[PDB]
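For reference, the chains in residue letters:
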Amino acid sequence: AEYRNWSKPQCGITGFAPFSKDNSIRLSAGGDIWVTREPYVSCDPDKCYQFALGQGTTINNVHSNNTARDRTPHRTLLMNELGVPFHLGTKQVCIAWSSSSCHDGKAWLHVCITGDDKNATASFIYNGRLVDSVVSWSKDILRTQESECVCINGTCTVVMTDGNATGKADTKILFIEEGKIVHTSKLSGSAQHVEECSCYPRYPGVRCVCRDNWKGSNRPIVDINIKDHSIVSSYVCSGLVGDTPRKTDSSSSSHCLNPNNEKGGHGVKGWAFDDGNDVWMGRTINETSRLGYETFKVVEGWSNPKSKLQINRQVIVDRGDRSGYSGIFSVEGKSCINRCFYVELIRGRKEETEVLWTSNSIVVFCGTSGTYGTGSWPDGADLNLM
Amino acid sequence: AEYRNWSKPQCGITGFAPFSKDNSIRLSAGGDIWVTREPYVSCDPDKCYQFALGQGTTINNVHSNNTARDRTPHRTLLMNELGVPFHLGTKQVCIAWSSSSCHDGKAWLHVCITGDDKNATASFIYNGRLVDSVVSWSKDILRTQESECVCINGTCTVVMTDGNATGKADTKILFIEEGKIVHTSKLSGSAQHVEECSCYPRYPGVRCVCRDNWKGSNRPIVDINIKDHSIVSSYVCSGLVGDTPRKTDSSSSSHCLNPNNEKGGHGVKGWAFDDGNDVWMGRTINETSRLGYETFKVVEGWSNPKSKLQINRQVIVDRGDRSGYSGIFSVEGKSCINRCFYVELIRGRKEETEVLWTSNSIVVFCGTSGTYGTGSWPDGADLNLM
Amino acid sequence: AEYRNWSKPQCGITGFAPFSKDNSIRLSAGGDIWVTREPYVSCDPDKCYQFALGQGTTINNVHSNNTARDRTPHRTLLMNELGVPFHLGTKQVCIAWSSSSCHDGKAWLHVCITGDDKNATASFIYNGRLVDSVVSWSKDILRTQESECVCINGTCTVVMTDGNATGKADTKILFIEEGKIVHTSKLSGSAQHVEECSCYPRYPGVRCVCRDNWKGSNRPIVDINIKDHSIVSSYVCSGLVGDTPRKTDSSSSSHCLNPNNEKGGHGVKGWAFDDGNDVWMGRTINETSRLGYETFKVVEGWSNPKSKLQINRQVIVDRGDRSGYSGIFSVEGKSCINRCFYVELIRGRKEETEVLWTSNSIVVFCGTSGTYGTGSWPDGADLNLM
Amino acid sequence: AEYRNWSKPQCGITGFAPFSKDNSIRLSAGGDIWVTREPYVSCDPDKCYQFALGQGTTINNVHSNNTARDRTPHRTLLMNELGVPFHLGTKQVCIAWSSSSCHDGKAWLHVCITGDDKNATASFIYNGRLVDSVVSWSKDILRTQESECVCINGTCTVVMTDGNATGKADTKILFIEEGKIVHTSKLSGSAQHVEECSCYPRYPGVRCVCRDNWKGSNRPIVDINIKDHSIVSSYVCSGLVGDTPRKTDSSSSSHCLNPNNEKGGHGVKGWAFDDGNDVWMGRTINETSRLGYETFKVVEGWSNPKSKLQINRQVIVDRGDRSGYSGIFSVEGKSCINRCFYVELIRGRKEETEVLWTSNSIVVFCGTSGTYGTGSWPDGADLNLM
Amino acid sequence: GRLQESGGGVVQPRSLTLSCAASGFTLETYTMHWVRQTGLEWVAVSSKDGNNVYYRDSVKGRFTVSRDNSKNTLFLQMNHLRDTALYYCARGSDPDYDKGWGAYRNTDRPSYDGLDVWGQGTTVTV
Amino acid sequence: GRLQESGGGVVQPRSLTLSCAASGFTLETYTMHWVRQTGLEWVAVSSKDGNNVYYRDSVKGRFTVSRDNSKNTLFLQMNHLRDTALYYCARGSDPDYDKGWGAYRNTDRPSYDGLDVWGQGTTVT
Amino acid sequence: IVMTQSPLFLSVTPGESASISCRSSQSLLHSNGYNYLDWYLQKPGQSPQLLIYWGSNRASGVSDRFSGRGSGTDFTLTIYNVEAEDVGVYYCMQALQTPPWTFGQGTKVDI
Ligand SMILES: [Ca+2]
Ligand SMILES: [Ca+2]
Ligand SMILES: [Ca+2]
Ligand SMILES: [Ca+2]
């Protein structure tokens, strides 16, 4: 086995085709299924894995009560083959209430953050053993992507943030080789708040589309030079911004150097990736809540901030159905690198009071050069009957 | 690993011997078992796998209610080792309410259809990644075999139909290499309606016995030339027709160019394969409902439409017990290509009102050159106690 | 991978040490566990597997009711790694209400008998595919060892019986190569009734200690020449006979050409193996019921029918605790062939009416040249609380 | 695969980072989870495994009642991948109410003690087969480490004790090669009572930190020369003793030749390892009960009995939360041998009467040369709701 | 296998001997029954070895059932005939061995065969 | 292991010292009991170190149980005899350490041995 | 054991199904799990022939049109796709508690 280099072109994306759906919540009404949130998908060279941050309990479990709390010492990184629901045999790969993972072509890197809020610890588990750890540098919720890291030529990069949830924070880009932190780069450029980055290999570098929880409904971009460890950051130009909350399409504006200051506070983990000057991005259909999910291409959306020309729209989750975090992951094809994305389908508290617990299902779509129709793949759990 | 070529002869079938039985429904009364339908069996070079279209729920689950609906966005292709019941750890390999899969000798091809009825999408997942997709061409329930595709020399062929359920439809034969659609052939010949094809390798080509839902109780045949992609189609000559509904044996007639126009509407997924001029086929015993299941050889049944000479009859499911879809799959022996078949054992709604759900078990038989006795292997779930 | 030849000496047995225990019944009170009977143990070159004939249901299941019936079409051969309880993910390897399995060093042979009582079919599944089948020759419950076959140089031998349960029957020794029946030998010698043989490799041949259900409380011996397919049969000389029912030790007598005609009717699957002129054997402690289990060496027990000199007695199951079928299996060590045995721990109906079901746990002991103490390893399920 | 030699240095430990947490008890409220105690962690070259002594029942099971009893014939060594909770599919690797396991680089050695209290048997299962056994030599609860053995150059060493629970006992150090006991060494040196040793490879030898249940609250040390089989024993010098019960830090004294005779009776399985003249050790925060868990470095704690200089303290389990057994295990990194430790998180009877059962969860920490913060990772099951 | 009853005829309200000859199989292999039809009414049974018998209550002390396995012939010695019916000779349907003789129903692999072979029947009128 | 009681005999309604000599094992290794049979009636126990004792209520203040581990001899000093019985000397069955001495029943690996060795008994009348 | 059959007379249209019920005064289910209940057909002028044994086991050469079901005290014989050759009297027989072997009154089937 040789390190991944992702040294293939991004072949044509005409849109996205259905790939996987865990149906976790529906199954949990009739089985022992983990309570989860912050899911993501990452693939070793042969097959894809679904990850999630468990709450240390199953849904049909007295402990599933009050699982809205996002940081407990019982949260662990769940790891299954993609499409295997988080059943009781699910391997907990580390203790974490925030995590990221990539496969470098030889082994799995898991970056796992747990511990006290203001004094968290990030453990770096590579090939099944703890190789390194770093303490919170800003002492305010050290946190990472909640999606796959990007691992090129055995050098893995993970974006980690520490500091104000909705103010200036200290973001660093760690470069990990076989679990060892060999270099740490401070966030550089014009991105003013970076959280929950959705990163993909863009050879020779790594490109991250992240969450600005402070001032932008446009998503910050972080470009990572894996060779010299340089960092540059910006925002997605697209006038159709991808964050939630955001202003309506008619009244929304973007700026690919600065946050747009349009309903900038709060946000959601999302993703975008460039296709020449165009941008493929997903976002909740609902502008203020995490309801529905859509993906589309914005013509010139990667370079022209005034661009609102949308095309290739696909509804992934109907606007009446609950979306959540979404993130990118990349899959090496025969001759190109495909872009795929997952959507967290959040159900339960606080929004839905029919149940006491807070969990999610996932739906996974992959870029296609072929053709596709239309549909909607929500969680589909009837919480009233649960 | 080298591509399968199926370049061995079909050696003698004296009948069929018991191979596997999942007992899913019986187990579901005392365990977490998936609600399924449209099962099939496909084998990689080493071992056989049972597939099924889940309904996104277990049987003992409030969501198992109203699982008669055959197309939901929560339906997924379940995949287990043959004989492993669809428990909660079952891998959902893709989102699908219609699917087919073969192993080409190197990796698994999964053809997965989901999305809106009139705008479905067929995703082609090869070696664990989405390689291609095609949109519904007739915008009326794009649908595929519900049994294993046939994969020769790395070229996989799958029969896909779009259009009228019980009228003229648009059937195409896709040729897939490592998940990529390299060629599409329109259905050609005299078969007037082709659905749910049961295909097997017949080197150098592929032969499919399918379901005519419109005008024939005799089953259409589709012969596929994997080299030049030519298609020819016909009907099984056998005067003992294999579809359900059908006329009684005494009054039934067949025509191996045209549908027999004998209770032609509706049908069931079945299978047949040639043995020289004879035909081995299975069918429901009942001739109007999916009750019981029998297999037999019709002497000259592949070439003489007047032949009603039956031999080597075996009851697989007694006529009082519920059958369902059946399909062929082929297993490479030491010097042989063996023909095997599964039977879907449908239980529950609508026919059985004792329960709210609709699911199935499976029983799997394999061709034998040896000897065999008699038996009956129904589902055996006591739905009254469930 | 090479064919097993078992061409190593039997290493010295001082007794038997604890090896494994499934605890199935105890776990079933708090989990989904298969209803089973007729368990046995067989090992591939790397690790041991526990087999059992499921009843197509779990214990906590309305279908576990009336599981005393030993032949149903829902019985399947369960196969797990030894020590993994028969949970819902257990692979059903074939349809069978009677079965045997060995690994020839390359792949698993499963001999699986199912179908009608008087019209049974034995399916021979090798390396995951049905290779051969034979029909009942006497049309009265075709049945096989219920323990591992013995597979030497790719030639597998299985003892199969058809005919009177408690009268003259037709026993044959099938020789199978890669699942194909290459030769069938009729039982030859002085053994007058042979069932449920416990066979072990005794290079260059195979030796079986079986159950005489008709006239002997001494166990028949069948020696199988795998080269020329010759068969010779006799009875274990030991004056301490191993069958149940049997006469008390003081009043019991044996004859290693003929059945002893001492409480000969009925029996239990047991095992014995020679150590020079001595015999290692196990048997229920209770002489008339399947209560308790003991193993001991009978000095000269293999050659002198008057020998009642016992030594190296070990209680495996206390005489107050239920026992059942026991059988031998052999494990290749660094320099020897070790002898191991399992004991079926039958609980439930008919003997125990506190529950409606009939199932078993297993305890597995392996020959040791070292030292050992004493203990008792019964099932331990409190059926009153179940 | 080549035998482990552990011939790399112990790289710098700055402390310990979170590694794994099974959350077993919390999951058991909503799933079928084994009742366990005496857990430990051992790693093959690729990945780590969690072991535990099951009680032959799940927690939600009538048999979980009265699981405080530490020796039953239904206790088995459970083995899962680290992070996989002991669900129903957990492999029981042997019958044992006391056990140890290492991987020698080629295969798993399991030392499994079961049978009668005064007549126990230790079975040695190597590479999936019983290779050796030894009978209790003192006829009073033969018992072993309850943590991983240490396996150097294919020679595995396990410390086994037989005799008085709280008086003079007969401790031996067995040297096992591929499951065969090739040498037995009696305990030698000044350690007066040795139980439940926590051993780690210290090339060229093996070092064990154990439990003195009789006279010392300081932990005995056993150094094992794997080459000449010589044994020397002593006590951890550290004035901060690691046993529970123990005197308060202010009033506690140690002696690294003799037990300190300070609340010496009883104890708990713990661990320590040298870092030059310093000692890394863990211990319950509470001096008399198994509440909380802390680790720290004692400057000169390995050579100066008067040293109470503590540094690098980490709370693993808050002092209000239940600790239990803890033990060391070692993981080979790229260039060094890391020290890791687990903590048994005991819940239930006798201390907690809200439930009838006695079980545990586990939390696993690994040595790090990086940095870390603070936290607490208790079991977190709210037994009032269970 | 085939059975052929004989000896039936007109008898006065006296004794009569019914014989049932087996061809194609050995009588020693099978439990043998006498079943009369006036519906079907079981009369008597003879064990395989010919050493055990059961009788219908209404014929106890009057009818004697015997066999000669060497001759493959089953006999029903009828005395004090009151009994008019068509008498069938049928093989199979062993009783429970736990009651003295027959099949071991409690064995792990119990077997049962019904009355799978019947004779054409011999008429007896009294 | 073998125990041999001695000193029993005819005593007027006075004192009598019973002795129990251990052979084949060291008395220091075992809790030692005195059990009399008039059924079986536990009388007194002596700790392994010889520093702790328990007495039957009816003999408290009259019987004194002692030992000399060097001599492998257990003693029962009987005073104010009213007590006619066959007096057995038996080893084992430690009391609970939590009550002052004996076995640690709350340890993870608790052990127990019954009265596995008895003397033939010395008659006292 | 008393064996009660119902109906005593049954008229069957050719090609349709026919069900004959049979009740025993006591359960015919043996502890070995098998119902010792047989079904016999006496076609007009012929000797009785075994159709079903042990409740649901078809005898050698018997068409799978005949289906025995039930357990304990209630048993049903179902004749699928009835034909003129199926006419006659069907007798259920218990073989659990013997002697005596007891038959039902016999259900007369006609077209
Ligand atoms: Ca924002
Ligand atoms: Ca049709
Ligand atoms: Ca016998
Ligand atoms: Ca201590």
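Per the deposited record, determination of this structure is attributed to cryo-EM, with the resolution reported as 1.9 Å.

With the PDB entry as reference, chain G is termed 4N2C402_Fab_L, source organism Homo sapiens. For this structure, the PDB header gives the title as "Cryo-EM structure of the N2-4N2C402 complex at a resolution of 1.9 angstrom".

The name that the PDB entry assigns to chain A is Neuraminidase, with the source organism given as Influenza A virus. We quote the UniProt Catalytic activity (unreviewed entry) comment for chain A here in full: "Hydrolysis of alpha-(2->3)-, alpha-(2->6)-, alpha-(2->8)- glycosidic linkages of terminal sialic acid residues in oligosaccharides, glycoproteins, glycolipids, colominic acid and synthetic substrates." Turning to chain A, the UniProt record has this under Sequence similarities (unreviewed entry): "Belongs to the glycosyl hydrolase 34 family."

Student: Which residues make up the nonpolar core, and what values do they have?
Tutor: Ranked by internal contacts, the top residues of the largest apolar core, which has 104 residues, are A:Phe329, B:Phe329, C:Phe329 and D:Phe329. Those residues in contact with C:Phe329, other than ones at most four positions away along the chain, are C:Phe19, C:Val41, C:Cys43, C:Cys48, C:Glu148, C:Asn338, C:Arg339, C:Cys340, C:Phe341, C:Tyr342, C:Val364 and C:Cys366. Ranked by size, the runner-up nonpolar core spans 47 residues in total, among them E:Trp101, G:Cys22, G:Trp39 and G:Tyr90.

Student: Can you lay out the packing of aromatic side chains for me, pointing to particular residues and giving the numbers?
Tutor: Pairs of aromatic rings are described using the distance from one ring centre to the other and the angle between the two planes. Evaluation of the coordinates by the stated rule reveals 70 aromatic pairs over all chains. Centre to centre, the rings of A:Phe16 and A:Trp271 are 5.6 Å apart; their planes meet at 70 degrees, and the pair counts as edge-to-face. Pair noted here: A:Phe16 is in strand β1 (residues 15-21) and A:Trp271 is in the loop between β18 (231-235) and β19 (272-275), with a separation of 255 residues, a long-range link. Accessibility classification places A:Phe16 together with A:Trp271 in one group, the buried group. Put simply, the rings of A:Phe16, A:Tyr200, A:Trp271, A:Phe273, A:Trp280, A:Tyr293, A:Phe341, A:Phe365 and A:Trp377 touch in pairs and so form one group of aromatic residues. One residue, D:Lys106, lies across the ring of D:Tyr3, its end atom 3.2 Å from the ring centre.

Student: Break down the UniProt feature "binding site: substrate" (unreviewed entry) in chain A for me, citing the residues and quoting the values.
Tutor: Residue and element names in this part refer to chain A. The residues that UniProt annotates with the feature "binding site: substrate" (unreviewed entry) are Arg37, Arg71, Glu195, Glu196, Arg211 and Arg290. Mapped onto the elements of the fold, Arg71 is located in the loop between β3 (48-58) and β4 (76-81). Non-local contacts of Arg71, meaning those with residues more than four positions away in its chain, are made with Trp97, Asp117 and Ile141. A polar side-chain atom of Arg71 sits 2.8 Å from a polar atom in the side chain of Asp70. By secondary structure assignment, the location of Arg211 is in strand β16 (residues 205-211).

Cut-off values and rules
- As presented, residues are numbered from 1 along each chain according to the written sequence, a scheme that may differ from that of the entry, and residues lacking coordinates are left out.
- Each chain takes a letter, starting from A, and each ligand takes a number, starting from 1, following the order in which they are written.
- As shown, the structure covers only some chains of a larger assembly, and all values describe those chains.
- The side-chain numbers reported here are obtained from all heavy atoms of the structure, hydrogens and water having been left aside.
- UniProt positions are given in the numbering used here, feature names are shortened, and annotations may be inferred rather than shown by experiment.
- Nonpolar core, defined: a set of buried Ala, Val, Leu, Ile, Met, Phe, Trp, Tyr and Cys residues in which side-chain atoms within 4.5 Å join the residues together.
- Partly exposed describes any residue whose relative accessible area lies between the buried limit of under 20% and the exposed limit of over 50%, with all areas from a 1.4 Å probe on protein chains only and scaled to the type maximum.
- By definition in these notes, contact holds between two residues if any of their heavy atoms fall within 4.5 Å.
- Stacked, edge-to-face and tilted are the three classes for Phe, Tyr and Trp ring pairs, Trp counted by its six-membered ring, which pair at centre distances within 6.5 Å; planes under 30 degrees apart are stacked, over 60 edge-to-face, the rest tilted.
- The way it works is that DSSP assigns letters per residue, a run of H or I at least four long becomes a helix, a run of E at least two long becomes a strand, and they are numbered from the N terminus.
- Two conditions define a charge sitting above a ring: the NZ of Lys or the CZ of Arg must be within 6 Å of the ring centre, and it must be within 35 degrees of the ring normal.
- Here a polar contact is recorded for every N or O atom pair within 3.5 Å, except that within protein the pair must consist of a potential hydrogen donor and a potential acceptor, and residues adjacent in sequence are included only if both atoms are side-chain atoms.

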